[PDB]
Amino acid sequence: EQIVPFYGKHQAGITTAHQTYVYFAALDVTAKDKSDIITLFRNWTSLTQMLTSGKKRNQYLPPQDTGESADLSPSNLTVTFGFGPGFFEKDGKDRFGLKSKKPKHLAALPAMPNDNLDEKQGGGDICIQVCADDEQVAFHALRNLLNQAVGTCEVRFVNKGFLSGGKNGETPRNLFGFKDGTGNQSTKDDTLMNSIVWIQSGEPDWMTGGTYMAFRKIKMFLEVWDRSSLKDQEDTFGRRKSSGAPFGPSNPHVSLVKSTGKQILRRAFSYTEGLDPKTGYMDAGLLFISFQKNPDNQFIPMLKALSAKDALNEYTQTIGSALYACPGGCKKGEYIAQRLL
Amino acid sequence: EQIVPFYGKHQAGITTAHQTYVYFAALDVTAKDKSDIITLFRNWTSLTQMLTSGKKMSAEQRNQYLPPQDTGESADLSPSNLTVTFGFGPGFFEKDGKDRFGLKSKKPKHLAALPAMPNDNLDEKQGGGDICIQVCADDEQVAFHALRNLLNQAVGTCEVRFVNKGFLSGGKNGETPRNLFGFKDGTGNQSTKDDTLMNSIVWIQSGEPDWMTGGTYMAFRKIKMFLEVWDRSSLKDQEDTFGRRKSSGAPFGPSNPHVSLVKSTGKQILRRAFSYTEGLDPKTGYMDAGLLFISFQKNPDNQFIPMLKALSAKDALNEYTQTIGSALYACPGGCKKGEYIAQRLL
Ligand code: HEM
Ligand code: HEM
């Protein structure tokens, strides 16, 4: 059966096996009272449990389910929730009395020299990561979740992505043709995931069992890359394209990252969205998503090192950025982020 | 294996089993000499045959100072029933009053821009095109890899006009797929396994220039679907829009329900559409989604245009939809082994 458990010590969709498709939405809270947010997450919890477990009538009422996934398998559907800095303090105002529960490292990522950030393509009070092996299943889940948020939230953006693994289980390849994900530690090793991803202490209690999610929308210049020689492509990463093996002003991508001595859990997706109206070429890139218990220690040093000397900067540009705090898992009978009181 | 034959009496991707994902691109020809077009389709034929089959680009002793012949992101993927369908729009034969490449005598009978409809809101940049490429596969990464490498060969001869992409998931037990309104979509289609019906609805046998023999016409309509308005409507209003029950699809007895209004024309087409999403619409703040309506018919004047006239006038579905792009293409007959696509370019 293609069912991933929703309840647990941790949220699914983080160490869960990498599905093929993602829908990534961010929302801004427009409700005034925290009680409205409680109702939203209570209904989101009930709906998510129904959608992920495989669960499938008044004619005068609108359909509670939009119905386009009625005959489809759950397809390993997972839904992951997180909170941005604006959820705790907006324009200097503590809107829901949550200042005492703000995570240690929850803040907007520092500016980088080569950034070209669109403010409308990043940030957000709440993030929803919807993953499934079937895009129609993934969109159906996000669509029905967002319909519940009417009156309390405004949808900020909706991104979608794909990533296909090898037919025999090989490491998936990004849009540059290189194997992507080899540097990750095994998600099946609880000891390694507890040291890299999961939070055990030092944070507010609702973060116990949670993690931080970093989001970077990275445009990839496909037309420039495809015109480059194989040598230039392999020199950009410092790895052979087919095998991924190491061979041997700017530094190769992979060795530059390792020089920081830090580790994160990358769980990214490729994306394509028609022709870019300003360039006339395919609009494509990477929905970079990573999980780490401490972004200040693990993730920001990578941004600093790459933003300075990465040869990959010639073929990429970050246009959106966000950092979210993901709560711990939901116990059966509880709702997501129940430390909203 | 998930391999669909590229060569044949007909092009694949028309009566072929409906794959899950599509990339739909249109291109405008900027080259002046017909010889440049011949080279383009000769290379497209070679590349498509490789992509659709299990063949992979082996450049073992390649030159590292040359660009890779293949972009490489499908190296470890199965063909995933990849099909590539080519077609020609009216602009391929006449642009700004000029008879292009001396092909006026081979222009198909019914190849012309679709007539304007009252409820149309057509963006000229979201329709038309001299050449269409429909790339379908059960794996989106396989489909995009095919389109990307096909478009890379067109540099110098064509400019890409638009690239659309879509999805459509069939039931786990083979049930008819459901569109984004939750209704089963495709029941009205005749069986693609019935050669007699496909010959009467889709395939051209005579009456057209020889290169159209074994081909068909492809109609394209980009139809935005108002999900937020639809989702706030009652189930009865949703079912009254189509005249069919939502779960079962069963029929039940100025606005006319969609299906009975279509049936009143007495015509048949082969619908092969895909749903689409592109994030939030910057103009509405809601999800930008709809249907990439793709249909195949041997005579669009007889089979398809009467449907457009009937629907644009009385369709209750017009309350929840709006067409924003339109195009008509003439698809050549199949390519025989040893030939190249539409080789009636001489
Ligand atoms: C378009 C953007 C990017 C592309 C195409 C890309 C591609 C790659 C590739 C091919 C590898 C080697 C294989 C692997 O381990 O995955 C790699 C390694 C890695 N990259 Fe990137 N990357 C991108 C952006 C980033 C960013 C923005 C970060 C961090 C802020 C990052 C962090 C890492 C890490 C941690 C590794 C593993 C290094 C190790 O072996 O320990 N990547 N990347
Ligand atoms: C967003 C746009 C549309 C949606 C959601 C839609 C949906 C449907 C549905 C649910 C059915 C009944 C089940 C089926 O037979 O597939 C149907 C029937 C049909 N529709 Fe549409 N439709 C759309 C646009 C169009 C357009 C623009 C045309 C033609 C110009 C068209 C032609 C047909 C045909 C030929 C049938 C089959 C009629 C029969 O039973 O013989 N559809 N459509």
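Letters A, B, ... mirror the listed sequences (proteins, then strands); counts begin at 1. Indexing begins at 1, ligand by ligand and atom by atom, following the structure's order. Because only heavy atoms are used, hydrogens play no part in the values below, and waters and symmetry mates are left out as well, while side chains stay in.
Side-chain contact check for A:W198 versus A:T15: some heavy-atom pair is nearer than 4.5 Å. B:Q238 has its side chain within reach of B:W230: a pair of non-hydrogen atoms, C-beta onward, lies under 4.5 Å apart.
Side-chain atoms of B:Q303 come within 3.5 Å of backbone N or O of B:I201 as a donor-acceptor pair.
Other residues, nucleotides and ligands contribute over 12 non-hydrogen atoms within 6.0 Å of the OH atom of B:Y320.
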Show me the short polar-atom pairs for ligand 1: any N or O of it lying under 3.5 Å from a protein N or O, with distances only.
unit_1, atom_1, unit_2, atom_2, d
ligand 1, 15 (O), A:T182, N, 3.4
ligand 1, 15 (O), A:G183, N, 2.7
ligand 1, 16 (O), A:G181, N, 2.7
ligand 1, 16 (O), A:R266, NH2, 2.4
ligand 1, 20 (N), A:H253, NE2, 3.2
ligand 1, 22 (N), A:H253, NE2, 3.1
ligand 1, 42 (N), A:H253, NE2, 3.3
ligand 1, 43 (N), A:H253, NE2, 3.1

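Cation-pi contact between A:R240 and A:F247: present, with separation from the ring centre below 6.0 Å and deviation from the ring axis of at most 45°.
Residues passing the salt bridge (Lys or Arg N to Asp or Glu O under 4.0 Å) test with A:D232, sequence neighbours excluded: none.
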